[PDB]
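Structure first, then comments.
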Amino acid sequence: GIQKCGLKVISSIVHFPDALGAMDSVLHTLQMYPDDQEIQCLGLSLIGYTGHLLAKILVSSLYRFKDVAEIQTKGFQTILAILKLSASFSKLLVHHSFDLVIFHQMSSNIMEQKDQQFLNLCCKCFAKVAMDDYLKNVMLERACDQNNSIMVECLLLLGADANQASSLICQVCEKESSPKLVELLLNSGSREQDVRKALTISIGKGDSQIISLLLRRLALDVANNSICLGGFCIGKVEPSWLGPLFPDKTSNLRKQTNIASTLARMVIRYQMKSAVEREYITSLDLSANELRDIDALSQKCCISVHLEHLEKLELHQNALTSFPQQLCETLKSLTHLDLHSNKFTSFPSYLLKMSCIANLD
Amino acid sequence: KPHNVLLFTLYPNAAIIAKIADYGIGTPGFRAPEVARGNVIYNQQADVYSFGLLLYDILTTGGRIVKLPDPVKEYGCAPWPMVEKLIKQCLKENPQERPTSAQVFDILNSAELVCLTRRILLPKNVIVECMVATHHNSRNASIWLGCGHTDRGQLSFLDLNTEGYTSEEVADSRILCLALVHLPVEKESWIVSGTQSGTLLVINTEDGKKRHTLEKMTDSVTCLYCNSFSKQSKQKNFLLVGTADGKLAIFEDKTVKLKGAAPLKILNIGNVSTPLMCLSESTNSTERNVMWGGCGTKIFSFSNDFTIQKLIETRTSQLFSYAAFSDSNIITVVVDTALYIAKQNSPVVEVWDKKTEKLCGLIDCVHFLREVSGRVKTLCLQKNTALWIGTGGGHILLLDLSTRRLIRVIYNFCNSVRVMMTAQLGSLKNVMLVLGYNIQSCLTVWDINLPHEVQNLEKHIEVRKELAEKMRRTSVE
Ligand SMILES: CNC(=O)c1cc(Oc2ccc(NC(=O)Nc3cc(C(C)(C)C)nn3-c3ccc4ncccc4c3)c(F)c2)ccn1
């Protein structure tokens, strides 16, 4: 019990010149006393300069409470000092637990608070670990394993190979994720084959939101005003997927947040300073998707008003059996309809009721 | 031949789109002249003529299918020039003139090739700093470029569709800038330009004889602007003008219709010491009622009531940067979430904040140019957070507002960019018009999707290279 007041005496003597080991002693006490000793563990100066247990004890002490204002800033100053002593400390740091505490503190409403000096030290530590970009890829993998889209954008902006690894996008899409995260991964470069595998995955675990997010990248060309879903082997088709693909002119542009970009700008500055020191869609290709019916297109969710302006519908090389009559009257502006290589048995006469049909196949 | 090219998908952003196959079954239509004569030995260069013929067929969309003529003249098509230059270069009788296949691929790998839509070379005359755009979406697509070689002014009318222009000296004194006002309700489309003597002509593009002169100002004219208070508001439009004596005079678009029209209001923001140079409008809709302008070393922002809302002093800039560059008037101003400022004879760009009225960032174009005089001349900004920078050395810089990084550097097309601004043609597409030196004046039209096209092309070529290397290594293994 006397170790508490003993550490008080220790804090008194460290100010004297040539205090030199006492590092092993205080480490054993910190492992013994979690709360009180760690409150004064800021006295830990540059000592010992290689035991990973010491760094593990440091990070575990920071994370065990993670809600006391002073120990966070004190511990951040301590870890900043030791990484300046040795760059190899950064490797083991991000290896053990650095993400679990860093993401937690920077996402727990770190903004909108008068902690400018606090954020400055955290960004200084960020710019310090930003070196050896392989570590950044590790941080990205860990930041995607959890559902924290607030900091993934920062990692991408600092420069991270999103095609590093079962690639990243398939991992994110396999587990339940947020639309913001998959969007940020698609906007950054990612191999087309990886995106295709991710579409198959999200087809299995039916989720309209992620399906539309991917199809807006694979099979949409805004210049031509055409959906190009040709050969994706989407065994079915739902109007809730093609919904956001169509323009839906009611939608607008709004910057929801900017904290990530500004955070990225200041860590880049700190790294640089440390180095110095109408128009509807008129086509819908559904060919070769191994369909078996299109009955799911009837009084559709916001897709009915958009099909009225379709001027082409490629449905060839599928396996259909009929053409839904309700769709025939909804498609009030077709000119080119393609139905060849399907499996039909009798000509649907009502196909010739379409208002402007001009090329039937 | 086009018969021997296979297509896998029609999606432009695809890894593999076109493929080559020798069907195993030369031809009069596509015979190379060396092969056609037959007194030749096969050389790598021989296929380049066939490739150029393929390019000609693609440009003409198989017009030849159903000493070659001019691709534009023979069959109606978009100019899309540097591909025409490539066709001219490769289709050469001398075998040594044919570029190597690697060279052809490299010059085909340039995103400027896709972005550059049209290029017009004005005949030998005084270069035009003046530039206007047409609001008409009909076949009438033209600009109101103007030059002055004498005391009296002169104007030109150049139609992009017909590629022809008519020029005549109409103004008794030189013109320095122009504005265009459109009132389709009254079907009144008028062009106003200001004389260096200190008066203005307003001229109707429907009838060239509708020429009347406004009231006089003490000193010459620096800039003009025509402000529309959005298309969903009942506010009336105004012709703003900025003179060299700090006079910010407001003409009403209905007042100017009568001869001898009196300006309604005047603001004496500056003087001869700090003359007003330019005006700009806020890109975001949240400040569209707030108009900004660079009155020399001062920046004024005023609401729709013509009362100043904010003043910013540029004399605080030299505390960090060089004094001589900072001690100059601001030439161009871009209004967004952060103000972008370029001043006369300066190679650096300042970033101001509309809230703190304090410097937020510096853009050093000198470093960017040295990476590949450097004085910045003109600016323009678009919705997709990409900024275009015109330099005095004939270079164009592309930056992204998201990261303030360099996207691309454009050169070898003009000697010095004078002005550069966004426009819409008769097909409702948005393009960028750039005017540069060559002294000859050259006009270039660029696609508005230039940064996105650059990024897409870079990613696509990287993907293709990676796939090619991986499959070649797999084949070797
Ligand atoms: C709708 N879909 C279709 O219609 C469709 C049809 C289709 O039919 C075929 C087309 C071409 C080929 N074969 C080749 O192209 N061989 C080839 C390539 C080259 C290159 C690589 C040098 C160009 N050299 N030689 C090649 C090689 C050796 C030869 N020896 C003697 C004579 C000629 C030779 C040519 C084929 F087998 C089938 C394929 C895909 N889709």
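Scheme for the structure tokens: letters A, B, ... for chains in order shown; per-chain residue numbers from 1; ligand numbers from 1 in order shown.
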Could you please extract the residues within 6 Å of ligand 1, counting only C-alpha atoms and all ligand atoms, and hand them back as a CSV table (one decimal) with N, CA and C atoms, in the first residue's frame?
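Output contents, as saved in pocket-v5.csv:
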chain,number,residue,atom,x,y,z
B,20,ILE,N,-7.9,-8.3,-80.3
B,20,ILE,CA,-7.4,-8.5,-81.6
B,20,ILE,C,-7.4,-10.0,-81.9
B,21,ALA,N,-7.8,-10.4,-83.1
B,21,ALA,CA,-7.9,-11.8,-83.5
B,21,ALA,C,-7.6,-11.9,-85.0
B,22,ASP,N,-6.8,-12.9,-85.4
B,22,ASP,CA,-6.4,-13.2,-86.7
B,22,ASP,C,-7.2,-14.4,-87.2
B,23,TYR,N,-8.4,-14.2,-87.7
B,23,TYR,CA,-9.4,-15.2,-88.0
B,23,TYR,C,-9.0,-16.4,-88.8
B,24,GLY,N,-7.8,-16.4,-89.4
B,24,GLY,CA,-7.2,-17.5,-90.0
B,24,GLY,C,-7.8,-17.8,-91.4
Inset, instruction - Could you please write out, as a ChimeraX atom specification, every residue of range 20-243 of chain A that DSSP assigns to strand (DSSP E or B)? - result: /A:220-221,226-228
Emit the selected residues as a tab-separated table (two decimals), in the first residue's frame, including N, CA, C and O atoms.
chain	number	residue	atom	x	y	z
A	220	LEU	N	-22.90	1.30	-64.17
A	220	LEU	CA	-23.57	2.57	-64.39
A	220	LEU	C	-22.64	3.54	-65.10
A	220	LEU	O	-21.53	3.80	-64.62
A	221	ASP	N	-23.10	4.07	-66.23
A	221	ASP	CA	-22.38	5.07	-67.00
A	221	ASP	C	-23.31	6.26	-67.17
A	221	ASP	O	-24.29	6.18	-67.93
A	226	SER	N	-27.22	4.72	-69.09
A	226	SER	CA	-27.47	3.30	-69.33
A	226	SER	C	-26.98	2.47	-68.15
A	226	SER	O	-25.90	2.72	-67.61
A	227	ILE	N	-27.79	1.49	-67.77
A	227	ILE	CA	-27.39	0.44	-66.84
A	227	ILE	C	-26.87	-0.74	-67.66
A	227	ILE	O	-27.52	-1.17	-68.62
A	228	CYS	N	-25.72	-1.27	-67.27
A	228	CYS	CA	-25.02	-2.26	-68.09
A	228	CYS	C	-24.85	-3.58	-67.34
A	228	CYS	O	-23.75	-4.15	-67.33
Inset, instruction - Kindly determine which residues of chain B lie within 8 Å of chain A, considering only C-alpha atoms, and give the answer as a ChimeraX atom specification. - result: /B:11-12,15,402-403,459,463
Inset, instruction - Quick one: everything within 12 Å of residue 214 in chain B, counting only C-alpha atoms, minus sequence neighbours fewer than 4 positions away in the same chain. Send it as a list in words. - result: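 Counting only C-alpha atoms, the residues come to residues 192, 193, 194, 195, 198, 199, 200, 201, 202, 203, 249, 250, 251, 252, 255, 256, 257, 258, 259, 260, 261, 262 and 263 of chain B.
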Please produce an output containing N, CA, C and O atoms for each residue in the selection, written as a PDB file, in the first residue's frame.
ATOM      1  N   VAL B 192     -22.606  44.235 -73.256  1.00  0.00           N
ATOM      2  CA  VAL B 192     -22.083  45.519 -72.807  1.00  0.00           C
ATOM      3  C   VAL B 192     -20.566  45.435 -72.678  1.00  0.00           C
ATOM      4  O   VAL B 192     -20.031  44.451 -72.153  1.00  0.00           O
ATOM      5  N   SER B 193     -19.875  46.450 -73.195  1.00  0.00           N
ATOM      6  CA  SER B 193     -18.429  46.561 -73.077  1.00  0.00           C
ATOM      7  C   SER B 193     -18.080  48.001 -72.736  1.00  0.00           C
ATOM      8  O   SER B 193     -18.809  48.927 -73.095  1.00  0.00           O
ATOM      9  N   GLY B 194     -16.955  48.184 -72.048  1.00  0.00           N
ATOM     10  CA  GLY B 194     -16.572  49.478 -71.506  1.00  0.00           C
ATOM     11  C   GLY B 194     -15.344  50.058 -72.192  1.00  0.00           C
ATOM     12  O   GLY B 194     -14.335  49.371 -72.368  1.00  0.00           O
ATOM     13  N   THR B 195     -15.451  51.330 -72.565  1.00  0.00           N
ATOM     14  CA  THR B 195     -14.377  52.028 -73.256  1.00  0.00           C
ATOM     15  C   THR B 195     -13.337  52.509 -72.254  1.00  0.00           C
ATOM     16  O   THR B 195     -13.671  52.887 -71.127  1.00  0.00           O
ATOM     17  N   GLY B 198     -14.086  55.871 -71.006  1.00  0.00           N
ATOM     18  CA  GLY B 198     -14.932  55.919 -69.829  1.00  0.00           C
ATOM     19  C   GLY B 198     -16.422  55.828 -70.088  1.00  0.00           C
ATOM     20  O   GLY B 198     -17.223  56.180 -69.219  1.00  0.00           O
ATOM     21  N   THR B 199     -16.810  55.359 -71.270  1.00  0.00           N
ATOM     22  CA  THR B 199     -18.204  55.099 -71.603  1.00  0.00           C
ATOM     23  C   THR B 199     -18.376  53.646 -72.021  1.00  0.00           C
ATOM     24  O   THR B 199     -17.411  52.891 -72.147  1.00  0.00           O
ATOM     25  N   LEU B 200     -19.628  53.241 -72.202  1.00  0.00           N
ATOM     26  CA  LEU B 200     -19.939  51.851 -72.492  1.00  0.00           C
ATOM     27  C   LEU B 200     -20.927  51.774 -73.646  1.00  0.00           C
ATOM     28  O   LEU B 200     -21.861  52.577 -73.728  1.00  0.00           O
ATOM     29  N   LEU B 201     -20.719  50.806 -74.532  1.00  0.00           N
ATOM     30  CA  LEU B 201     -21.695  50.456 -75.555  1.00  0.00           C
ATOM     31  C   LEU B 201     -22.452  49.207 -75.129  1.00  0.00           C
ATOM     32  O   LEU B 201     -21.842  48.223 -74.698  1.00  0.00           O
ATOM     33  N   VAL B 202     -23.775  49.250 -75.248  1.00  0.00           N
ATOM     34  CA  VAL B 202     -24.615  48.062 -75.158  1.00  0.00           C
ATOM     35  C   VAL B 202     -25.141  47.767 -76.554  1.00  0.00           C
ATOM     36  O   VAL B 202     -25.720  48.645 -77.204  1.00  0.00           O
ATOM     37  N   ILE B 203     -24.938  46.533 -77.014  1.00  0.00           N
ATOM     38  CA  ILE B 203     -25.241  46.136 -78.383  1.00  0.00           C
ATOM     39  C   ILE B 203     -26.102  44.884 -78.349  1.00  0.00           C
ATOM     40  O   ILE B 203     -25.846  43.960 -77.569  1.00  0.00           O
ATOM     41  N   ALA B 249     -20.367  51.017 -59.859  1.00  0.00           N
ATOM     42  CA  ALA B 249     -21.642  51.520 -60.340  1.00  0.00           C
ATOM     43  C   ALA B 249     -22.530  50.357 -60.755  1.00  0.00           C
ATOM     44  O   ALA B 249     -22.057  49.333 -61.253  1.00  0.00           O
ATOM     45  N   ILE B 250     -23.826  50.520 -60.526  1.00  0.00           N
ATOM     46  CA  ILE B 250     -24.810  49.481 -60.789  1.00  0.00           C
ATOM     47  C   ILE B 250     -25.745  49.974 -61.879  1.00  0.00           C
ATOM     48  O   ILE B 250     -26.417  51.001 -61.711  1.00  0.00           O
ATOM     49  N   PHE B 251     -25.789  49.254 -62.992  1.00  0.00           N
ATOM     50  CA  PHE B 251     -26.769  49.518 -64.031  1.00  0.00           C
ATOM     51  C   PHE B 251     -27.883  48.488 -63.916  1.00  0.00           C
ATOM     52  O   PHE B 251     -27.630  47.314 -63.626  1.00  0.00           O
ATOM     53  N   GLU B 252     -29.116  48.931 -64.138  1.00  0.00           N
ATOM     54  CA  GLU B 252     -30.271  48.044 -64.138  1.00  0.00           C
ATOM     55  C   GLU B 252     -30.503  47.521 -65.548  1.00  0.00           C
ATOM     56  O   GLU B 252     -30.482  48.294 -66.511  1.00  0.00           O
ATOM     57  N   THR B 255     -32.959  49.493 -67.215  1.00  0.00           N
ATOM     58  CA  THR B 255     -32.600  50.899 -67.391  1.00  0.00           C
ATOM     59  C   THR B 255     -31.758  51.106 -68.644  1.00  0.00           C
ATOM     60  O   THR B 255     -31.990  52.053 -69.405  1.00  0.00           O
ATOM     61  N   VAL B 256     -30.798  50.211 -68.895  1.00  0.00           N
ATOM     62  CA  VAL B 256     -29.871  50.369 -70.012  1.00  0.00           C
ATOM     63  C   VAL B 256     -30.533  50.259 -71.379  1.00  0.00           C
ATOM     64  O   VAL B 256     -29.873  50.516 -72.392  1.00  0.00           O
ATOM     65  N   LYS B 257     -31.812  49.876 -71.436  1.00  0.00           N
ATOM     66  CA  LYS B 257     -32.483  49.699 -72.720  1.00  0.00           C
ATOM     67  C   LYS B 257     -32.703  51.029 -73.430  1.00  0.00           C
ATOM     68  O   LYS B 257     -32.707  51.079 -74.666  1.00  0.00           O
ATOM     69  N   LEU B 258     -32.887  52.110 -72.675  1.00  0.00           N
ATOM     70  CA  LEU B 258     -33.014  53.449 -73.234  1.00  0.00           C
ATOM     71  C   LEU B 258     -31.649  54.116 -73.356  1.00  0.00           C
ATOM     72  O   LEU B 258     -30.762  53.895 -72.526  1.00  0.00           O
ATOM     73  N   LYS B 259     -31.484  54.918 -74.408  1.00  0.00           N
ATOM     74  CA  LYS B 259     -30.239  55.645 -74.612  1.00  0.00           C
ATOM     75  C   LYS B 259     -30.033  56.679 -73.510  1.00  0.00           C
ATOM     76  O   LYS B 259     -30.986  57.266 -72.991  1.00  0.00           O
ATOM     77  N   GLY B 260     -28.768  56.906 -73.159  1.00  0.00           N
ATOM     78  CA  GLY B 260     -28.451  57.802 -72.065  1.00  0.00           C
ATOM     79  C   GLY B 260     -28.942  57.322 -70.715  1.00  0.00           C
ATOM     80  O   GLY B 260     -29.519  58.102 -69.952  1.00  0.00           O
ATOM     81  N   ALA B 261     -28.728  56.046 -70.406  1.00  0.00           N
ATOM     82  CA  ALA B 261     -29.210  55.489 -69.151  1.00  0.00           C
ATOM     83  C   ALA B 261     -28.253  55.800 -68.008  1.00  0.00           C
ATOM     84  O   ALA B 261     -27.046  55.558 -68.108  1.00  0.00           O
ATOM     85  N   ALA B 262     -28.807  56.335 -66.913  1.00  0.00           N
ATOM     86  CA  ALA B 262     -28.125  56.752 -65.691  1.00  0.00           C
ATOM     87  C   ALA B 262     -27.964  55.576 -64.735  1.00  0.00           C
ATOM     88  O   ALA B 262     -28.951  54.890 -64.441  1.00  0.00           O
ATOM     89  N   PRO B 263     -26.746  55.289 -64.272  1.00  0.00           N
ATOM     90  CA  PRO B 263     -26.568  54.280 -63.218  1.00  0.00           C
ATOM     91  C   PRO B 263     -27.368  54.637 -61.970  1.00  0.00           C
ATOM     92  O   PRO B 263     -27.494  55.807 -61.607  1.00  0.00           O
TER      93      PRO B 263
END
